[PDB]
Amino acid sequence: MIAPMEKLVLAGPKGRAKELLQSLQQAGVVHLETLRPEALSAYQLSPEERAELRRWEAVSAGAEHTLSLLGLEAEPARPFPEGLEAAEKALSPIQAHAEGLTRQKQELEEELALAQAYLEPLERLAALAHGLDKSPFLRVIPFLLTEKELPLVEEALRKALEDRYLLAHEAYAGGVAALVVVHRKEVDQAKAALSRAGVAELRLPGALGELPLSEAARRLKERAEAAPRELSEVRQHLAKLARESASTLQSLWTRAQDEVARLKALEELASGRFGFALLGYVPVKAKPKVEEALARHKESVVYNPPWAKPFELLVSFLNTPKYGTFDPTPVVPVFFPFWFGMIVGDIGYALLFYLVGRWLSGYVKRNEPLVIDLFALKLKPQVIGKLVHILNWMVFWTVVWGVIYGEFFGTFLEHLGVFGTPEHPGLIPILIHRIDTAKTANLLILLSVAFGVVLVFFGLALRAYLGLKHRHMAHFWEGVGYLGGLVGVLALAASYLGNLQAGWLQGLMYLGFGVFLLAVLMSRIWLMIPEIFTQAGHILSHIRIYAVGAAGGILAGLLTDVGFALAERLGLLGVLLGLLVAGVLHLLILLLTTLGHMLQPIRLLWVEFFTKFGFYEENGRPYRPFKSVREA
Amino acid sequence: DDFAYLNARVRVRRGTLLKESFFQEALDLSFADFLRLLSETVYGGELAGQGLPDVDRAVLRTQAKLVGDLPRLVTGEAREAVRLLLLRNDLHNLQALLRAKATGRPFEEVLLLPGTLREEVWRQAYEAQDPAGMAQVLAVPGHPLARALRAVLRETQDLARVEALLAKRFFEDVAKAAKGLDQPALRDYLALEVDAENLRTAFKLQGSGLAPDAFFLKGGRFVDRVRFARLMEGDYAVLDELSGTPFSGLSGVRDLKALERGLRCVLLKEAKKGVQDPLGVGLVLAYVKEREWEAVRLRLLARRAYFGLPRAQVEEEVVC
Amino acid sequence: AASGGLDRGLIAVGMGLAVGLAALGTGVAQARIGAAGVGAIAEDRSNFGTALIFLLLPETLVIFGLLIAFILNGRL
Amino acid sequence: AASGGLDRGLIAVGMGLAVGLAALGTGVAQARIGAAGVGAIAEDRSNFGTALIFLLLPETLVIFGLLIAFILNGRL
Amino acid sequence: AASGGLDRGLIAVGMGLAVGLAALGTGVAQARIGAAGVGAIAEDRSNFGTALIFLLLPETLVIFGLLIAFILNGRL
């Protein structure tokens, strides 16, 4: 137990090292570093201190362990004090009760199990045996054999014994409990004969077995009978202990735990001051003032909605400095339109996604493991479930928004906004699709295609800021220079992009535009220039992902159309209810698969994320993957 | 191809066992009786008369004729893989030759297990004086260990250190080499060996707790340099933190002998996975391991029987 | 229906090649990658995403077929 | 029934092509994974529900065939 | 239904094709998946109800053929 103060633990980036350092130091807080290389070599904890820590571990662990056997738990909170002695003492009686009873319960189950099982064979043998292991004049060898065994066992026995033995059996079920009876002196041959056959003298293993067959049989009735009842008591006490003491167990546990970490924190700083993070021991007087602010970069242990919620989490990754260009934070608002807009469905697609959203944001007990959804109950990881309760609401809003993207989308089908097509039909709106037919369809084709290009433009802007402002000249040279090519790209594109609408606002413009491209790739020299080919490949990919996100999207709406509306023959009316045979079915299948579509937004994003357009990852590289960053 | 043949050849081969009950008898079998029991079994086919050196010799030959035959077959992907296993023990043998070579100890007393390279390679290597020359000999037919030995030899010609740094380096070569297949099971068992070797080495070296990595062989998958280090610092709590890891029978163990037993069981449980593994190397691999496991018990029990040594003396160690 | 236009036929043929080839390709792509996985499922319910993540990239191909089919429609 | 024009003639074929082809794709996809799958059951009956779910996605090919076979007949 | 016009010859050929192609795929599927299993079975007798269910999945392909063929002929 150190000199008075509550230890505080923080770790973070280089920027937070400083902000943090200042915040602890001025008040009258002690033993602070990084603030010198190791004057905590003159704060090396005593062996005694290490010992106290050691004790705390026994207690900490003991609580956990005991909680386990008991069959209940506790979970980590915010540290608190009690005194070690109180906690140890607290831990001890209960651990002793729970532990004793847990064993007893186990034994009881076993007693029951064996005794019932053994009850029948011992009884069969006993009934036959009319007492003979009682006798030494006759010796009896019980053994069980199936009737599979009986002619063979009989031949082996017969061969050794002749007729100087009694082989009798009364059945046990699927075989017969058997006795070979022999005279004294015949015993040795008698065991060997059964053994040769592969059978052998059978009774229960250990002390109970030795007892007369008759006696063993009695015991088996008794143990089998006794044990469940007895089990109830042992189990009851245990259950009772868990029930009452759980809070307590946890409080000791938490208390102890907070010490185990706390003590360790002291030891390491003592020892060798770490680096970009920040240690200290902070007094009772000092302790709140430093903690309230935190500047969003570290990790501690003390002692409208659609736009904000995941967006709030990207804010934390903005704050870390470790390089010379802007931190990676744009992603959540880049995601959102498409996230909502993936669902751009019709009658069965977008407009049915609702059922799920109120179930998940709300609570649904309909499910075999899901009960109250706030409580994350799952056949899959529970822990994982709790965190994205926040998400259930943001997803519910997504479900609401996707429904909206059903009526704007449905403009170019039915509705009103840019087209005039009936504001609402009479039978099944979206009987068939305007979009299935080419002109409407075509506009949607061109629509995705542009969007992949847009994500590329954002990336190279970032690229030039990166190499510029990080002074990665090779990269700077790359982000500006690569843009040199583009005018010529537009040139060629136009004669196919409007076909008749364009193609000739530019031409052999490419011949000089291509030169502009390569100029500074060549200025750095770069003994590996051809490699720019791959930068071009991404563009086609960006397009493809959006295109698929759309097309698979469209396909989704069209299954409600061949699943409820029109398809069969040339397309007919009664297909409506012929398909209803199918109709209930298509809905659920559809639901499962569209989840696959939303991983494509992210697939698109993944193209951009590791392509060094304001990023720290580059197949690793000190910083946590982006994988972990975006999820909630 | 030819693991159609191999698993099948193995399927027949797996029968010549000396059952668990063999060993149970042996606890209760005197040496003569132990010997009698052996002579009636497949080891008995290499046993002439009675006597321990003969039992052990019988073991070598028994393993040899059913497994040792196999390295000459090297042709399948699998055969090469099997070659790696044998190479490792043999790598020991090679070390035995190297060390023998260094101390004026003659070539002649270093038995080798069935070798990929023949007697004459070993002889030449021994006979090829310079540490480079010895290493160069082993390379003549090809031997990733030759080159590795050389790789280590490039910096100095200090035999013992070369052997030590080589063993780490070789198991490092092996890590790539085993990866260079695929036929996972050998790879898996080996991975457990990496972890096991780390545990025992840290164990051997514990209380030293120096710069751990010189003794930490890499390829830990549930073990790491620090866990190794901690154990080497004397912190036994590592095994208690290496629980729920694949190695559960080591939990709370504080002796190397029992440690080796638990490890053997864990790894054995892994070896046992192969029983009808196709090109997947498990059926042959497991089979080699069976012969191994049998051999361990036989030799142990042979002595037990020989000296009349307790049942309790063998009791931990002839079961897993 | 009935006697198809000479034009309708040229596109109608090619309509099939896109759906069949991509569909076949996706199933097989998923199958080998799918084959490697199984010990992990057992081991870690949480890690499960990796084998799964693997499957998603091939998924683009079939969808591509639908897009070209879409432009053709009303000529077919 | 009876005679058919060029659309009908083209579709009549494809109703068959569809049913045969999907089955073939399903089988190949199944062969690699299916071979892989079994050891896990032996070990774990518990995971078996997961396994029961596990095999399923390539199998989708067959079902598409029945709807399309249905659709073709009637332009046939 | 027996001899007739232009449509019918086309369905009659393809009716067979439906059956033949699916049969090859099912067989291939059984060969790899089937091969792994027996050792697992050797150990796990336990699996036997499961074993009746496990093998069962590629085989659906054949059933798919009988409806399309029957409905085609043996129903036309």
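Order as written gives the chain letters A, B, C, D and E; numbering starts at 1 within each chain.
The criterion applied here is as follows: contacts are C-beta pairs under 8 Å (C-beta built on N, C-alpha and C of every residue); 3 or more make two chains touch, one makes a residue touch a chain.
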item	value
Leader among chain pairs (count of C-beta contacts)	D-E
Whole-Å gap separating subunit A and subunit E, where each centre is the average of the chain's CA atoms	39
Distance from the mean Cα position of subunit D to that of subunit B, given in whole angstrom	50
Chain centre separation in whole Å, for subunit E relative to subunit C (CA means)	22
Centre distance in Å when subunit D and subunit E are each reduced to the mean of their C-alpha atoms	10
Interface hub residues of subunit D, defined as touching at least two other chains	4-5, 8, 14, 17, 21-22, 25-26, 28, 30-33, 35-37, 39, 74-76
Junction residues of subunit A, two or more chains touched	569-570
Per-residue multi-chain contacts in subunit B, two or more chains	none
Set of all touching chain pairs, with the criterion as stated earlier	A-C, A-D, B-E, C-D, D-E
Subunit E partner contacts - residues on subunit D that touch it in the complex	1-5, 8-9, 12-28, 30-39, 41-42, 45, 48, 55, 59, 62, 65-66, 69, 76
Interface residues, subunit E side, partner subunit B - complex	35-36, 38-40, 42-43
Interface residues, subunit C side, partner subunit A - complex	1, 45-46, 56-57, 59-60, 63-64, 66-67, 70-75
Residue ranges of subunit D in contact with subunit C within the complex	4-8, 10, 14, 17, 21-22, 25-26, 28-33, 35-37, 39-40, 43-44, 47, 50, 54, 57-58, 61, 64, 74-76
Interface residues, subunit A side, partner subunit C - complex	380-381, 384, 435-439, 441-442, 444-445, 544-545, 547-548, 551-552, 554-555, 569-570, 596, 599-600, 603
